[PDB]
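Trainee: For reference, this is model.pdb, and it has PDB, C-alpha atoms and all ligand atoms.
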```
ATOM      1  CA  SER A 260    -163.872   9.740 -77.042  1.00  0.00           C
ATOM      2  CA  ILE A 261    -164.573   6.339 -78.706  1.00  0.00           C
ATOM      3  CA  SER A 262    -165.451   6.621 -82.416  1.00  0.00           C
ATOM      4  CA  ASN A 263    -167.275   3.278 -82.549  1.00  0.00           C
ATOM      5  CA  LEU A 264    -168.438   2.072 -79.107  1.00  0.00           C
ATOM      6  CA  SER A 265    -170.119  -1.039 -80.623  1.00  0.00           C
ATOM      7  CA  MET A 266    -166.650  -2.351 -81.588  1.00  0.00           C
ATOM      8  CA  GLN A 267    -164.963  -1.773 -78.174  1.00  0.00           C
ATOM      9  CA  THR A 268    -164.876  -5.500 -77.300  1.00  0.00           C
ATOM     10  CA  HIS A 269    -162.554  -8.056 -78.906  1.00  0.00           C
ATOM     11  CA  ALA A 270    -165.434 -10.533 -79.522  1.00  0.00           C
ATOM     12  CA  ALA A 271    -167.481  -7.934 -81.449  1.00  0.00           C
ATOM     13  CA  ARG A 272    -164.424  -7.064 -83.562  1.00  0.00           C
ATOM     14  CA  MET A 273    -163.725 -10.754 -84.291  1.00  0.00           C
ATOM     15  CA  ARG A 274    -167.247 -11.266 -85.655  1.00  0.00           C
ATOM     16  CA  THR A 275    -166.560  -8.555 -88.292  1.00  0.00           C
ATOM     17  CA  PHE A 276    -163.788 -10.702 -89.830  1.00  0.00           C
ATOM     18  CA  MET A 277    -166.162 -13.658 -90.644  1.00  0.00           C
ATOM     19  CA  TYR A 278    -165.594 -13.038 -94.416  1.00  0.00           C
ATOM     20  CA  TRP A 279    -162.065 -11.615 -94.236  1.00  0.00           C
ATOM     21  CA  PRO A 280    -160.373 -12.583 -97.514  1.00  0.00           C
ATOM     22  CA  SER A 281    -158.254 -15.742 -97.218  1.00  0.00           C
ATOM     23  CA  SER A 282    -155.266 -14.415 -99.186  1.00  0.00           C
ATOM     24  CA  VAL A 283    -154.572 -11.587 -96.695  1.00  0.00           C
ATOM     25  CA  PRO A 284    -151.343 -12.373 -94.776  1.00  0.00           C
ATOM     26  CA  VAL A 285    -152.442 -10.647 -91.543  1.00  0.00           C
ATOM     27  CA  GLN A 286    -154.920 -12.587 -89.370  1.00  0.00           C
ATOM     28  CA  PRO A 287    -158.164 -11.416 -87.729  1.00  0.00           C
ATOM     29  CA  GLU A 288    -156.880 -12.263 -84.198  1.00  0.00           C
ATOM     30  CA  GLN A 289    -153.921  -9.910 -84.573  1.00  0.00           C
ATOM     31  CA  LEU A 290    -156.034  -7.115 -86.136  1.00  0.00           C
ATOM     32  CA  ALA A 291    -158.851  -7.392 -83.581  1.00  0.00           C
ATOM     33  CA  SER A 292    -156.294  -7.407 -80.716  1.00  0.00           C
ATOM     34  CA  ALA A 293    -154.914  -4.130 -82.023  1.00  0.00           C
ATOM     35  CA  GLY A 294    -158.346  -2.495 -82.028  1.00  0.00           C
ATOM     36  CA  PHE A 295    -159.212  -3.064 -85.660  1.00  0.00           C
ATOM     37  CA  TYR A 296    -162.482  -4.293 -87.086  1.00  0.00           C
ATOM     38  CA  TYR A 297    -163.319  -5.200 -90.738  1.00  0.00           C
ATOM     39  CA  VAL A 298    -165.652  -2.848 -92.655  1.00  0.00           C
ATOM     40  CA  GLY A 299    -166.565  -5.536 -95.266  1.00  0.00           C
ATOM     41  CA  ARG A 300    -164.677  -4.116 -98.246  1.00  0.00           C
ATOM     42  CA  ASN A 301    -161.472  -5.801 -99.585  1.00  0.00           C
ATOM     43  CA  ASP A 302    -159.035  -5.673 -96.607  1.00  0.00           C
ATOM     44  CA  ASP A 303    -160.177  -2.281 -95.144  1.00  0.00           C
ATOM     45  CA  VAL A 304    -160.108  -2.143 -91.340  1.00  0.00           C
ATOM     46  CA  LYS A 305    -160.717   0.722 -88.892  1.00  0.00           C
ATOM     47  CA  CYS A 306    -159.800   1.240 -85.222  1.00  0.00           C
ATOM     48  CA  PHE A 307    -162.856   1.361 -82.935  1.00  0.00           C
ATOM     49  CA  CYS A 308    -161.264   4.114 -80.854  1.00  0.00           C
ATOM     50  CA  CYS A 309    -159.422   6.535 -83.113  1.00  0.00           C
ATOM     51  CA  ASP A 310    -161.338   5.730 -86.361  1.00  0.00           C
ATOM     52  CA  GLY A 311    -157.973   5.339 -88.150  1.00  0.00           C
ATOM     53  CA  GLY A 312    -158.318   3.270 -91.308  1.00  0.00           C
ATOM     54  CA  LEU A 313    -155.713   0.886 -92.792  1.00  0.00           C
ATOM     55  CA  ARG A 314    -155.745  -1.270 -95.912  1.00  0.00           C
ATOM     56  CA  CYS A 315    -153.482  -3.258 -98.272  1.00  0.00           C
ATOM     57  CA  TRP A 316    -151.864  -5.371 -95.565  1.00  0.00           C
ATOM     58  CA  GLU A 317    -148.539  -7.083 -96.381  1.00  0.00           C
ATOM     59  CA  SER A 318    -146.839 -10.277 -95.021  1.00  0.00           C
ATOM     60  CA  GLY A 319    -144.972  -9.400 -91.825  1.00  0.00           C
ATOM     61  CA  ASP A 320    -147.052  -6.244 -91.095  1.00  0.00           C
ATOM     62  CA  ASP A 321    -147.589  -6.045 -87.312  1.00  0.00           C
ATOM     63  CA  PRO A 322    -150.976  -4.425 -86.559  1.00  0.00           C
ATOM     64  CA  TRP A 323    -149.686  -2.830 -83.332  1.00  0.00           C
ATOM     65  CA  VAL A 324    -146.676  -1.305 -85.113  1.00  0.00           C
ATOM     66  CA  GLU A 325    -148.963  -0.008 -87.871  1.00  0.00           C
ATOM     67  CA  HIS A 326    -151.395   1.479 -85.287  1.00  0.00           C
ATOM     68  CA  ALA A 327    -148.433   3.338 -83.641  1.00  0.00           C
ATOM     69  CA  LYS A 328    -146.914   4.469 -86.953  1.00  0.00           C
ATOM     70  CA  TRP A 329    -150.075   5.897 -88.515  1.00  0.00           C
ATOM     71  CA  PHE A 330    -152.260   6.777 -85.472  1.00  0.00           C
ATOM     72  CA  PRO A 331    -149.900   7.571 -82.532  1.00  0.00           C
ATOM     73  CA  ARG A 332    -152.324   9.644 -80.495  1.00  0.00           C
ATOM     74  CA  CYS A 333    -154.955   6.855 -80.290  1.00  0.00           C
ATOM     75  CA  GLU A 334    -156.110   6.476 -76.664  1.00  0.00           C
ATOM     76  CA  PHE A 335    -156.671   2.702 -77.009  1.00  0.00           C
ATOM     77  CA  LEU A 336    -153.204   2.138 -78.502  1.00  0.00           C
ATOM     78  CA  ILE A 337    -151.572   4.179 -75.699  1.00  0.00           C
ATOM     79  CA  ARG A 338    -153.594   2.315 -73.007  1.00  0.00           C
ATOM     80  CA  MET A 339    -152.689  -1.126 -74.412  1.00  0.00           C
ATOM     81  CA  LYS A 340    -149.093  -0.663 -75.563  1.00  0.00           C
ATOM     82  CA  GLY A 341    -147.988   2.389 -73.577  1.00  0.00           C
ATOM     83  CA  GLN A 342    -146.586   5.777 -74.581  1.00  0.00           C
ATOM     84  CA  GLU A 343    -143.016   4.312 -74.526  1.00  0.00           C
ATOM     85  CA  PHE A 344    -143.901   1.812 -77.313  1.00  0.00           C
ATOM     86  CA  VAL A 345    -145.585   4.570 -79.357  1.00  0.00           C
ATOM     87  CA  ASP A 346    -142.559   6.875 -78.971  1.00  0.00           C
ATOM     88  CA  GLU A 347    -140.202   4.117 -80.151  1.00  0.00           C
ATOM     89  CA  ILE A 348    -142.204   3.437 -83.354  1.00  0.00           C
ATOM     90  CA  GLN A 349    -142.640   7.151 -84.042  1.00  0.00           C
ATOM     91  CA  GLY A 350    -138.885   7.651 -83.709  1.00  0.00           C
ATOM     92  CA  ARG A 351    -138.035   5.142 -86.454  1.00  0.00           C
TER      93      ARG A 351
HETATM   94 ZN    ZN B 401    -156.728   3.609 -82.764  1.00  0.00          ZN
END
```
Translate the structure described by the file into structure tokens.
Ligand SMILES: [Zn+2]
Mentor:
Amino acid sequence: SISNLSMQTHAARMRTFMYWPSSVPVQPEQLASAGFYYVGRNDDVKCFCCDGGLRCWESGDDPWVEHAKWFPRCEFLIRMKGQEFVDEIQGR
């Protein structure tokens, strides 16, 4: 089931990044697209579906690749990217 139903829509997730720190090299649009919303502390984000949390984002980090690497069984990630994409990331 969905861990945080209130954050299931892209527009609700985007609102959470209003005060996302400027020096973070990963943008709200990319994080929100991958299911992540900002919890309001440093650069901590969580997936609305699996509740997986990620922080300390680096330049070049791809939110979809990170979602597949750390949280492969997420239903949202599998529905958006497909099991084939997840399997490829998991295999590397
Ligand atoms: Zn997830």
Trainee: Residues contacting ligand ZN 401 (chain B) - anything with an atom at most 9 Å away, using all atoms listed in the file - can you give me those as number ranges by chain?
Mentor: A: 293-295, 305-312, 326-327, 330-337
Trainee: Can you write just those residues out, C-alpha atoms, as a PDB file, keeping the file's coordinate frame?
Mentor:
```
ATOM      1  CA  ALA A 293    -154.914  -4.130 -82.023  1.00  0.00           C
ATOM      2  CA  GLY A 294    -158.346  -2.495 -82.028  1.00  0.00           C
ATOM      3  CA  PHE A 295    -159.212  -3.064 -85.660  1.00  0.00           C
ATOM      4  CA  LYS A 305    -160.717   0.722 -88.892  1.00  0.00           C
ATOM      5  CA  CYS A 306    -159.800   1.240 -85.222  1.00  0.00           C
ATOM      6  CA  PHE A 307    -162.856   1.361 -82.935  1.00  0.00           C
ATOM      7  CA  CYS A 308    -161.264   4.114 -80.854  1.00  0.00           C
ATOM      8  CA  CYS A 309    -159.422   6.535 -83.113  1.00  0.00           C
ATOM      9  CA  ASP A 310    -161.338   5.730 -86.361  1.00  0.00           C
ATOM     10  CA  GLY A 311    -157.973   5.339 -88.150  1.00  0.00           C
ATOM     11  CA  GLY A 312    -158.318   3.270 -91.308  1.00  0.00           C
ATOM     12  CA  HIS A 326    -151.395   1.479 -85.287  1.00  0.00           C
ATOM     13  CA  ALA A 327    -148.433   3.338 -83.641  1.00  0.00           C
ATOM     14  CA  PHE A 330    -152.260   6.777 -85.472  1.00  0.00           C
ATOM     15  CA  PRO A 331    -149.900   7.571 -82.532  1.00  0.00           C
ATOM     16  CA  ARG A 332    -152.324   9.644 -80.495  1.00  0.00           C
ATOM     17  CA  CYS A 333    -154.955   6.855 -80.290  1.00  0.00           C
ATOM     18  CA  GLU A 334    -156.110   6.476 -76.664  1.00  0.00           C
ATOM     19  CA  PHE A 335    -156.671   2.702 -77.009  1.00  0.00           C
ATOM     20  CA  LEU A 336    -153.204   2.138 -78.502  1.00  0.00           C
ATOM     21  CA  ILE A 337    -151.572   4.179 -75.699  1.00  0.00           C
TER      22      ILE A 337
END
```
Trainee: Measuring atom to atom with all atoms listed in the file, identify which of A:296, A:301, A:343, A:329 is nearest to residue 267 in chain A.
Mentor: A:296
Trainee: Please determine, counting only C-alpha atoms, which residue among A:302, A:339, A:350, A:322 has the shortest atom-to-atom distance to residue 282 in chain A.
Mentor: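 Ranking A:302, A:339, A:350, A:322 by distance to residue 282 in chain A, first place goes to A:302.
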Trainee: Looking at all atoms listed in the file, which of A:318, A:286, A:275, A:265 is the one that sits closest to residue 300 in chain A?
Mentor: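 Comparing A:318, A:286, A:275, A:265 against residue 300 in chain A, the winner is A:275.
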Trainee: Just how far from CA of residue 328 in chain A is CA of residue 290 in chain A, in Å to one decimal?
Mentor: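 If I compute the distance from CA of residue 290 in chain A to CA of residue 328 in chain A, I get 14.8 Å.
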Trainee: Leaving out residue 299 in chain A and any residue of its chain fewer than 6 positions from it, which residues lie within 9 Å of it when counting all atoms listed in the file, given as a ChimeraX atom specification?
Mentor: /A:275-276,278-279
Trainee: For the residues selected in the previous step, produce a file with C-alpha atoms as a PDB file, in the coordinates of the input.
Mentor:
```pdb
ATOM      1  CA  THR A 275    -166.560  -8.555 -88.292  1.00  0.00           C
ATOM      2  CA  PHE A 276    -163.788 -10.702 -89.830  1.00  0.00           C
ATOM      3  CA  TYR A 278    -165.594 -13.038 -94.416  1.00  0.00           C
ATOM      4  CA  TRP A 279    -162.065 -11.615 -94.236  1.00  0.00           C
TER       5      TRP A 279
END
```
Trainee: So, counting all atoms listed in the file, which residue among A:269, A:314, A:304, A:262 is closest to residue 288 in chain A?
Mentor: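 Nearest to residue 288 in chain A: A:269.
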Trainee: Expressed in Å to a single decimal, how great is the separation between CA of residue 261 in chain A and CA of residue 303 in chain A?
Mentor: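 These atoms are spaced 19.1 Å apart.
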Trainee: Show me, as a list in words, the residues that have an atom within 8 Å of residue 285 in chain A when counting only C-alpha atoms, minus same-chain residues fewer than 5 positions from it.
Mentor: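 Once the adjacent positions are removed, what remains is residues 290, 316, 317, 318, 319, 320 and 321 of chain A.
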